[PDB]
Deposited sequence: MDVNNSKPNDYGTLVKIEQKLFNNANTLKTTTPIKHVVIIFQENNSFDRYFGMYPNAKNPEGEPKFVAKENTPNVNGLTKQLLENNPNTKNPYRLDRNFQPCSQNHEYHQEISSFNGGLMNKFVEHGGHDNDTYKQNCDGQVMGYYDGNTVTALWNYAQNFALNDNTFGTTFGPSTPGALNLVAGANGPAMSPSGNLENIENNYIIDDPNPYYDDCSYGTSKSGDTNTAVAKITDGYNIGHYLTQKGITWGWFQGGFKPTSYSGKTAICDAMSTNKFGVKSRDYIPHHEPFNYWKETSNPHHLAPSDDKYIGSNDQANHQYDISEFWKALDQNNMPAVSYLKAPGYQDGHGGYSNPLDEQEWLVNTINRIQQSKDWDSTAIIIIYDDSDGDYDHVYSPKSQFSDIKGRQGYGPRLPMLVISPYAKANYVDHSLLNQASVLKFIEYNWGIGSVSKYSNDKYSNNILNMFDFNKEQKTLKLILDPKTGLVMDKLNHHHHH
């Protein structure tokens, strides 16, 4: 119920030596959707009356999605079906062991049993609902062969994105059902975070906390090299303080009336290492120091990204995490609120003076446990207890003036491919002996650095996802 015992200005990202023309990568880390749920039906939409109309461009390449056979004779006890945009989607079961059970040894036929609201595990959306996401694929690059580095929920997902490893780790509560063979398989809260504890509405007295005990994440290396970087999350800014201790009680109500916490502590991977943490959610020492070294330790409210961007101090590496209601997670979020966040954010970055050297990556943390038909290949760590993977397949997009347009990359990626790109582009090696970065393919087939004409900005209506300063 209470928190446990726990200035240097960087050169502008634009001046840094990089392997590619990309000077700024922005990773928009959304929640809880399988590849098939979002793109299985791409690029075919129902187009009923009164919903945003989607019509695919001629010669849209195909995705490894939901075929006639998968739609009509699914091995599961219920067939895939089209989810309504007007209803609030539930959250399915994304526990490590449950997801493996759904996969059922390759049969991929126990999702109703182990992903179960019931039956929504089989639901998919099309372009009438995930309109923006589908329009982004129509104009930029999509990968249909990207997987969670391990099976399991949101905390392994976040740790794998920034370290390519989900441990080694310890908890004061012991392993419980959170940790297996030193690797985090569920969602203990981060140790070094005031807002994990019962003093915050965003915290939980009965959620265990965990810390990483060996191996670095990417932040160690970006800080060391003087590369401007940050994790920017909705709700990170405390609503109040209670004697040194930060209180994160910010809440929003989603389109479907669900009020939820803005800040989700177990979605903040850098606060699992002591070195990369900002436990008191300290604001930047100044707007000028966003992305550099100071009391914030590279951990920020989402508001600070926009201050940096608008002040010509866009970081080299920015992770963007929506306020809860917009992160795309079932139950408390949904595709319409997510789309507003996605469209507003991506519109704003494209309008900025740094769009010309930017790559935006949309990737997910976990599948919610939702149906996807692909029996994921093994990772090099799959024989190690607590590191089973690869996990379920996820949406992955690259939005950039250097992105291939209306292009589907079939290259085998995992969450540590994002890590691989950062390492490749800024000249950093493998983060640790635990990391999957060493085995991950890069994302370069989603880019064309040789073409003369740039891929143009795509400005959309945040309320519909349909095609519609510099400063907002």
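Residues of the deposited sequence lacking C-alpha coordinates, counted from 1, fall in the stretches 1-5, 12-18, 129-137, 490-494.
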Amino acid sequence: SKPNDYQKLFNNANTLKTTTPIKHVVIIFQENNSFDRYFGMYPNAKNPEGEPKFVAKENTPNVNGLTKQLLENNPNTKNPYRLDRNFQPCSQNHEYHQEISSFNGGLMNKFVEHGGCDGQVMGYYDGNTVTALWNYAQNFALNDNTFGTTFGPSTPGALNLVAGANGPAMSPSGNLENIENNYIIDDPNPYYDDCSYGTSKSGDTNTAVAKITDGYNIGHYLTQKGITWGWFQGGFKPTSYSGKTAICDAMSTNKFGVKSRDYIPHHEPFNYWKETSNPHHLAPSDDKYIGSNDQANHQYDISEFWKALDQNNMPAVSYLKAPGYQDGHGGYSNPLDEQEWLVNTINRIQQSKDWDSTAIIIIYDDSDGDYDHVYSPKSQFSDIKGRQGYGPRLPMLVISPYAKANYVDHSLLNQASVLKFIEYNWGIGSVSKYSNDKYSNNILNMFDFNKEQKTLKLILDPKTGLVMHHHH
From here on, numbers count along this sequence of modelled residues.
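Look at the mean CA B-factor for 194-202 and for 373-381 in the entry; the higher one is 194-202. Ranked against the other modelled residues of its chain, the C-alpha B-factor of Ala416 as given in the entry falls in the middle third.
In this PDB entry, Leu444 carries a Cα temperature factor that places it within the lowest third of its chain's modelled residues. Sort the chain's modelled residues by C-alpha temperature factor and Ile422 lands in the lowest third, per the entry.
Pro156: CA B factor lies in the middle third for its chain, per the PDB record.
In this PDB entry, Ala137 carries a Cα temperature factor that places it within the lowest third of its chain's modelled residues.
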